[PDB]
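The chain below stands alone, shown as structure tokens; this is the form deposited in one PDB entry.
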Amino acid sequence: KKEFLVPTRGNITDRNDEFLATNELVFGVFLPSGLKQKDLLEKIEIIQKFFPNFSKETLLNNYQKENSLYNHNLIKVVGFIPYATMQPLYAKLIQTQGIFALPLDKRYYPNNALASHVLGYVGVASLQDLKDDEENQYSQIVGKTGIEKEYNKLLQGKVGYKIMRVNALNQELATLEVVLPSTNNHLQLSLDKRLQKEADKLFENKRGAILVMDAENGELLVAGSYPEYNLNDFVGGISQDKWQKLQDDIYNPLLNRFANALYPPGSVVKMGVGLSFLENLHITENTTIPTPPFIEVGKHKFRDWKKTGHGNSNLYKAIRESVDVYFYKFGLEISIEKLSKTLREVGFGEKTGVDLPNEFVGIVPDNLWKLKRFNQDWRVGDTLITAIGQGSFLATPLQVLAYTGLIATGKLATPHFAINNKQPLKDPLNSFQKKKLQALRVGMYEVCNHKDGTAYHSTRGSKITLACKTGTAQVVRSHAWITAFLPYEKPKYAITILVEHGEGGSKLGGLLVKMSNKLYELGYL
């Protein structure tokens, strides 16, 4: 009756205990390391006769990896046999000289690509990891991206292993007992597997990102970066080829588009700019100015999204019909310092503070930044391009999401996955600003619900009342934003949707409606 230190790792579940990440128990077949080239092939022969399956080439190959996840110092793993298969042939395989069968509780992702950039994958700990370590983290198995890395310590458990017993008695079958577990390491995410699937359906041929947040605390119900990758491909430690084809896909599936990609926010920053206008200028939301197809400054002319122009327009209307010239005009009057302050406040400067390694911060172009990095001081027209969320203005979908959350509720939520991060709501806006958000919400409600709103024909057939804002980002065909909260009458959720080359905002409303309806259908509303 032999016992084994079986390497295991914690479970990752969705907000309803549905398994996002877990383990399956197998046997690894191992050979002694530093083995003679003549022995090796001979012992490989015996293994494939036991398990007529394994390709003589892939066993040799396996034995020769220099980044195996489960290798010992003096024995190397050549293959992964299911318990069903190993059971009958354990004893005779033990009996053969120089061959070992060791239980391994390896990673298994049941839903494959689902939430791949959220969950992330386990891998062999590298030399640059080890050389940089400041916490006596000497484990060969560690998380490499997303949650796996973020909570590696929690998920790895106390020592990284559990103790199992195998009884290949006089009997002809191997039983398997767990004598000591590795407990206190289940992690529970706020995701809803069911919603994440609807998100996966919505982006079936598309590229970009989608987030659905509880704006009262930060819980991310959905978080997709499309295209996703199939986490299982990384389980034994990624196949050198399988790695290539993930790196060479021109759609770039390794990138996290919701946390680690930048984009101009475009028209979506209009509420925030408008807030700055109200703070800093002798204006109310109801102040009405004329808004031709264009105005000019000196050398250049600044054009409205469409050439008809809009006639007269106040802030409600500007938001409603995404009027570029309103913002160009008052952009002339506002100070970039006072603008960029407003923008930073509502989130666009720094990180949202999400449970993922290396969240990206964007760029809020101000005047102290043009002088430092470049040389000339800030020109007036530069404000105007920033006022409509383009030029050197870059942001993540999370920043847009969090901004939307702030506009909806008055307080900045910290988007997170891990359910047990009490993430207290931050309050960056003052009483006057919170008061003035009221206008902005009505604005956003008009975009979705007033017949001239840009997303009116877009967002029809919605169970719950939506307040939304569409945008486009120019490319460094145009990226399309839609960002929203619901219900309008009493806001709880925020949704942010980015499609690369979706082009507009009145294709995306259909997606907002779809996800919004799937929420009501599953009783979140």
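Start at 1 and count along the sequence shown; that's the residue number. We call the rigid core whatever largest set of C-alpha positions still superposes within 1.5 Å between the two forms.
Omitted here: the form deposited in another entry. The next part is about that form.
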Open item on the list: For the core superposition between this form and the one not shown, please identify the residue among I99, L425, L246, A113 whose CA shift reaches 2 Å or more.
Closed with: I99
Task: Core superposition between this form and the one not shown, C-alpha change of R460 at least 2 Å - done: no
Task: Displaced residue check between this form and the one not shown: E333, CA, 2 Å or over, core reference - done: no
TODO: Examine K372 after superposing the rigid core and state whether its CA is displaced by 2 Å or more between this form and the one not shown.
DONE: yes
Task: Comparison of CA distance in that other deposited form with shown form for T22, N136, at least 3 Å - done: closer
Task: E24 and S139, C-alpha gap in that other deposited form relative to this structure (3 Å or more) - done: closer
